[PDB]
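We use all heavy atoms of the structure for the numbers below, so side chains are in, but hydrogens, waters and symmetry mates are not. Order of the sequence lines sets the chain letters (A, B, ...), proteins ahead of strands, with each chain counted from 1.
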Amino acid sequence: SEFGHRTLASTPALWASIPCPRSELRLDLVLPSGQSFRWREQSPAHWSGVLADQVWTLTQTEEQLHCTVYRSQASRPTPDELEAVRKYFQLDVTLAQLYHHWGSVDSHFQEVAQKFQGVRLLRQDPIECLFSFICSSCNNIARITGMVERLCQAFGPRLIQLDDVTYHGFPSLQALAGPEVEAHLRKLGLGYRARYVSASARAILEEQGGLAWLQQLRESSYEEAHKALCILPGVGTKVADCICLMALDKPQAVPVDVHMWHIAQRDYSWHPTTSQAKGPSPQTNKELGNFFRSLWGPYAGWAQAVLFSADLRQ
DNA sequence: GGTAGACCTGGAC
DNA sequence: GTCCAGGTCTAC
Ligand SMILES: [Ca+2]
Ligand SMILES: [Ca+2]
C-alpha cells in the first residue's frame with residue numbers, strides 16, 4: 001500500500017539493509033530507552049522517527065538492519081542516506097569488543113551483559129539533546145516523550161505525514177528563543193521546564209555565541225565541554241553529562257542520576273569515600289562518576305547505558 | 001563551601 | 001488523598 005507507515009513485508013522494494021547482527025544492535029533496547037525520545041514502534045518491531053532531517057522506519061532481522069525513508073517518487077534509501085543511519089548508530093564502534101573488555105574488568109557486567117546485548121549509544125544532534133534533557137528533570141520517560149513531541153509539533157518544521165502522524169523536525173534555537181514561548185510551553189504541560197527551554201535558547205543565542213558555540217564543543221575535551229554546558233539555565237551536572245555522552249562524543253561521560261545510585265549500592269556495594277554526605281549530593285555524585293570511569297575505562301558512559309537500559313527492564 | 005525546599009504533572013499504591 | 005520519575009537553582 002502507498003499509505004501509512006511501511007513494514008518490511010508490505011513494501012519489499014522500498015527497503016535497503018545494512019549488515020548488522022542483533023548482537024551489535026537491539027532497536028528495542030536502544031530506541032525507547034531514554035537516549036532519544038523521538039522513536040515510536042508504530043508496527044510491531046518497526047520503529048519510526050526523524051533521522052538526519054527526514055522520517056525513517058527501521059526494523060531488524062537476525063543479521064540485517066532494514067531501513068526505509070520517506071522524503072518525489074518513493075524509492076529505496078540510497079548508499080549515502082544509509083550512511084546517515086550508520087553514523088547515527090555509530091556502527092563503526094564494535095560492541096562485541098566493548099562488552100568483552102567491560103566484562104573482563106567487571107564480573108557483574110559480565111553476568112548482566114549476557115542477556116542485554118546490542119545496547120549502544122546514539123550519536124545525537126546537540127540542540128535536540130540539550131532541550132530534550134532539559135525536559136528530563138524530575139520526570140519519567142513516558143511523560144518526557146509527550147512533552148518533547150508536543151514541543152516539536154508546536155515549534156518544529158513540518159515534515160511528512162503517515163496515517164494520522166505528522167512528523168516534525170526538532171525546533172531551532174531561534175524558534176525556542178521566540179516571544180511567549182514559555183507560556184506556550186506551559187499550556188503544553190512542560191511546567192517549570194518551560195522557563196528553562198526559553199532561557200537556554202536565549203542564553204545560547206544572546207550570550208554564548210550561538211549554535212557554533214554548541215557545535216564546537218565536540219572538539220573540546222570532556223572537562224571543558226561539561227563546564228561550558230553548566231552555564232545554561234536548567235543544565236546541571238547530570239544534564240551536561242547526558243549531552244556530552246549522547247551528543248558531543250565524550251564516551252567516558254557518566255550521567256549520575258537516581259538509577260545509577262541504586263545500581264552502585266545494590267550491585268557494587270558502593271559508598272562515598274572522599275565525600276561527606278551518605279547520599280546524593282554534588283560531591284558524592286561527582287565521585288560516583290569517577291568510580292565508574294576508573295572501573296570501566298574510556299567508554300564508561302556506554303557501559304552505563306547497558307546497565308541503565310537493563311535496569312529499566314525491571 | 002555544603003544541605004534543605006520550591007518548582008510542574010500525570011501515572012501509581 | 002500520597003508518591004516518584006534519567007534534577008536544577010538558590011537561600012543560608
Ligand atoms: Ca546551570
Ligand atoms: Ca536526581
message: Measure CE/A:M260 against P/C:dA5 and give the value in whole Å, please.
response: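 Whole-Å distance recorded here is 15 Å.
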query: Given atom CG of A:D257 and atom P of C:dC4, what is their separation to the nearest angstrom?
result: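 Rounded to the whole Å, the gap is 16 Å.
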message: Which heavy atom of A:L95 sits nearest to which heavy atom of A:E24, and what is that distance?
response: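 Heavy atoms of A:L95 and A:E24 come nearest at N-OE1, 2.7 Å.
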field: A:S23 side chain near A:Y99 side chain, heavy-atom distance below 4.5 Å
entry: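 They are not in side-chain contact.
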message: With the cut-offs of 5.5 Å between six-membered ring centres and 30° between planes, do B:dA4 and B:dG5 count as stacked?
response: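 Yes, stacked.
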field: Contact nearer the 5' end of DNA chain C, comparing A:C230 with A:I144
entry: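 Whichever sits nearer the 5' end wins; that is A:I144.
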task: Assert yes or no for the condition that the ring centre distance of A:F155 to A:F131 is strictly below 6.0 Å.
output: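 Here the rings of A:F131 and A:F155 have centres that are no less than 6.0 Å from each other.
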- request: Indicate the atoms forming the closest heavy-atom contact of A:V239 with A:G234, along with that distance.
  value: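 Scanning both residues completely, I find the closest heavy atoms to be CG2-O, 4.1 Å.
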- request: Kindly point out which of C:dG6, C:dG7, B:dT3 is positioned nearest to the side chain of A:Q283?
  value: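 Nucleotide nearest to A:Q283's side chain: B:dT3.
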- prompt: How far does the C1' atom of C:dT10 sit from the matching atom of B:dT9, given to the nearest Å?
  reply: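 About 23 Å, rounded to a whole number of Å.
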query: So do C:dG6 and C:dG7 actually stack on each other, going by six-membered ring centres closer than 5.5 Å and planes off by less than 30°?
result: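 Base stacking between C:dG6 and C:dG7: absent.
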- prompt: Under 4.0 angstrom, heavy atoms only, what part of the nucleic acid is A:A194 near: base, sugar-phosphate, or nothing?
  reply: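 It contacts nothing in the nucleic acid.
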- prompt: In Watson-Crick or G-U wobble terms, both distances under 3.5 Å, what is the partner of B:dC13?
  reply: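 Because no pair has both required distances under 3.5 Å, B:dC13 counts as unpaired.
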- request: Check every strand shown and say whether A:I263 touches a base, only sugar-phosphate, or nothing at a heavy-atom separation below 4.0 Å.
  value: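 If one applies the 4.0 Å heavy-atom cut-off, A:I263 turns out to touch nothing in the nucleic acid.
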field: Whole-Å distance separating the CD1 atom of A:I141 from the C1' atom of C:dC4
entry: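 My rounded result for the distance is 14 Å.
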query: How is A:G234 classified with respect to the nucleic acid when contacts are heavy atoms under 4.0 Å: base, sugar-phosphate, or nothing?
result: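 The residue A:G234 makes sugar-phosphate contact but no base contact.
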- request: Give the rounded distance in Å between these two atoms: NE2 of A:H262 and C1' of C:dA5.
  value: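 One finds 15 Å between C1' of C:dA5 and NE2 of A:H262, rounded.
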message: Taking C:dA5 as the reference, what is the distance to B:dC7 when you measure between their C1' atoms (whole Å, please)?
response: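 Pairwise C1' distance, B:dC7 against C:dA5, rounds to 15 Å.
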message: Please encode protein proximity along nucleotides 7-13 of chain B as a string of B, S and -, counting only heavy-atom distances under 4.0 Å.
response: BBB----
task: Determine the interatomic distance between P on C:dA11 and the same-named atom on B:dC8; round to the nearest Å.
output: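 It works out to 16 Å between them.
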- prompt: Would you call A:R38 and A:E128 a salt bridge, using N to O less than 4.0 angstrom?
  reply: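 Yes, this pair counts.
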field: Verify stack between A:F308 ring and C:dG6 base, 5.5 Å, 30 degrees
entry: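 Whether judged by distance or by angle, A:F308 passes, so it stacks on the base of C:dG6.
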- request: If C:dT10 has a Watson-Crick or G-U wobble mate with both distances under 3.5 Å, name it; if not, just say none.
  value: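 For C:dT10, the partner nucleotide comes out as B:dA4, under the 3.5 Å rule.
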- request: Ignoring hydrogens and angles, answer whether the base of C:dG6 and the side-chain atoms of A:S136 contain a donor-acceptor pair closer than 3.5 Å.
  value: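 Such a pair does not exist between side chain and base.
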message: Let me spell it out: for each of A:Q304 and A:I231, pick the nucleotide of DNA chain C with the closest heavy atom. Which residue's pick is nearer the 5' end?
response: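 That would be A:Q304.
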task: List the atom of A:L159, the atom of A:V50, and the distance in Å for their closest heavy-atom pair.
output: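 Scanning both residues completely, I find the closest heavy atoms to be CD2-CG2, 3.6 Å.
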- request: Take atom P in C:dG6 and the same atom in B:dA6, then report the distance between them in whole Å.
  value: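 Per the computed distance, 24 Å lies between those P atoms.
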message: Suppose we call two aromatic rings close when their centres sit under 6.0 Å apart. Are A:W261 and A:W270 close by that rule?
response: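 They qualify: ring centres under 6.0 Å apart.
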- request: Report yes or no: is there a donor-acceptor pair, N or O only, under 3.5 Å between the side chain of A:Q276 and the base of B:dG1?
  value: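 Per atom types, no contact qualifies.
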Least distance between heavy atoms, A:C135 atom then A:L190 atom: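 Smallest heavy-atom distance, with atoms named: SG-CD2, 3.7 Å.
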Distance in angstrom units between A:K238 NZ and C:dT8 P, rounded: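 The distance from NZ of A:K238 to P of C:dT8 comes to 7 Å, rounded to the nearest Å.
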- request: Please indicate whether A:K87 has more than 12 foreign heavy atoms, meaning atoms of other residues, nucleotides or ligands, lying under 6.0 Å from its NZ.
  value: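 No - once you tally the heavy atoms of other residues, nucleotides and ligands closer than 6.0 Å, there are 12 at most.
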field: Rounded distance in Å - NZ (A:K286) to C1' (B:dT3)
entry: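 Going from A:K286 (NZ) to B:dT3 (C1'), I get 19 Å.
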- request: Starting at atom CG of A:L121, determine the distance to atom P of C:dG6, rounded to an integer number of angstrom.
  value: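 Taking CG of A:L121 and P of C:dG6, I get 17 Å after rounding.
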